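Since the structure comes first, as structure tokens, the remarks are kept for the end.
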Amino acid sequence: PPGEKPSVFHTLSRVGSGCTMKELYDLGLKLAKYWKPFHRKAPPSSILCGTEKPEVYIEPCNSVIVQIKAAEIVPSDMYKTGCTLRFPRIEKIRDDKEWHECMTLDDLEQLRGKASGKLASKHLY
Amino acid sequence: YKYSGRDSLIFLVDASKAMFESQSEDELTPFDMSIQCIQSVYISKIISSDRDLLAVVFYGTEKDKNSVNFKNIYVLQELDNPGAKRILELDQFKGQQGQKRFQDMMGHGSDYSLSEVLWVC
DNA sequence: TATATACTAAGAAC
DNA sequence: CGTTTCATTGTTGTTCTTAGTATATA
DNA sequence: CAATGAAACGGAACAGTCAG
């Protein structure tokens, strides 16, 4: 709702490329004190999970926004969004953005339906 | 050794209140001694082996910045080819007025841990 | 007084 | 299949050139 | 002293298997 911050998050895809190892080490040091072991029989309420489960989870308020560039949005039975990202990698670690500034399922659906799942629909000039 | 490789010397001084104002007598001062040593060696390295790398990084300070945002560590000038723009930065601290500047800009000297100092250098 | 002969000291070329 | 990282081949320092100024010599 | 190359990896998706 207006003025409020999101409380429930839906997993979309796994990403592990695009950052230099120095950036990865910096992010790991930043987030180390917030990671919690993930229990399949007792998952967190703020993070629902599909078929794919993480080894450790972090509460959204302590996490970091990452800018992701991926070939297209394709259907998936491993993530609750009903879809995942093809060829995903991290372009920037959005330290200028807050955790609550993450996009919504409405934005994800808009992007999926803009060009039949293809995320490239703008001409080059 | 591999010729294109280059020598690299990093400088690391105890920034605690221990030696900041030890000055048992009035003829020397360990910080005024360590900084003098750093300035001398670094100016010599300017002319000698200008291709090499030097860096100065203080530990135990109260202000903080480093690569990993740790506690009580200050990387004054990073590793890079030597230059005057850093001769001046070091010279800014040479003096009783200079030590006043150093203390009121980074700190009297807080708690520390040389483990984390070795980790960061 | 004119001429070149000497030198070093530059240069840049490779 | 795409992205990232690493390692290696081109890199040059030195010699010679000309300069410039130097002076005394005829 | 670095551009150029690799190699190393990071999932993406598939199916067969084994547990149960």
Next on the checklist: Within region A:7-20, take every residue that is surrounded by 13 or more Cβ atoms within 10 Å (Cβ to Cβ) and in a loop (DSSP other than H, G, I, E, B) and give me the one that is nearest to DNA strand D (Cβ to nearest atom).
Outcome noted: A:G18
Checklist outcome for this item: Those residues of region A:40-72 which are outside any loop (DSSP other than H, G, I, E, B), within 16 Å of DNA strand D (Cβ to nearest atom) and of a type in the set (A, V, I, L, M, F, W, C) amount to A:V66, A:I68
Item to check | Matching entry among A:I73, A:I58 (being away from DNA strand E (no atom under 14 Å from the Cβ), more than 14 Å from chain B (Cβ to nearest Cβ) and either surrounded by 15 or more Cβ atoms within 10 Å (Cβ to Cβ) or within 30 Å of A:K118 (Cα to Cα) (or both)) | outcome: A:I58
Checklist entry - Any idea which residue in region A:21-39 is surrounded by the fewest Cβ atoms within 10 Å (Cβ to Cβ), counting only those that are among the hydrophobic types (A, V, I, L, M, F, W, C) and within 16 Å of DNA strand D (Cβ to nearest atom)? => result A:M21
Checklist entry - What single numbered condition from (1) within 14 Å of another protein chain (Cβ to nearest Cβ); (2) part of a strand (DSSP E or B); (3) of a type in the set (A, V, I, L, M) fails to hold for A:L24? => result (2)
Checklist entry - Taking the condition among the charged types (D, E, K, R) and in contact (Cβ under 8 Å) with a residue 60 or more places away in the chain, does B:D50 pass? => result no
Checklist entry - Inside region B:47-62, can you point out the residues that are within 16 Å of DNA strand D (Cβ to nearest atom) and in contact with an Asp or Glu (Cβ under 6 Å, 6 or more places away or on another chain)? => result B:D52
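Cβ sites come from the backbone with ideal geometry, for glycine too, and all protein chains shown count toward neighbours. Bear in mind that the values in this text are calculations on the coordinates, not laboratory data.
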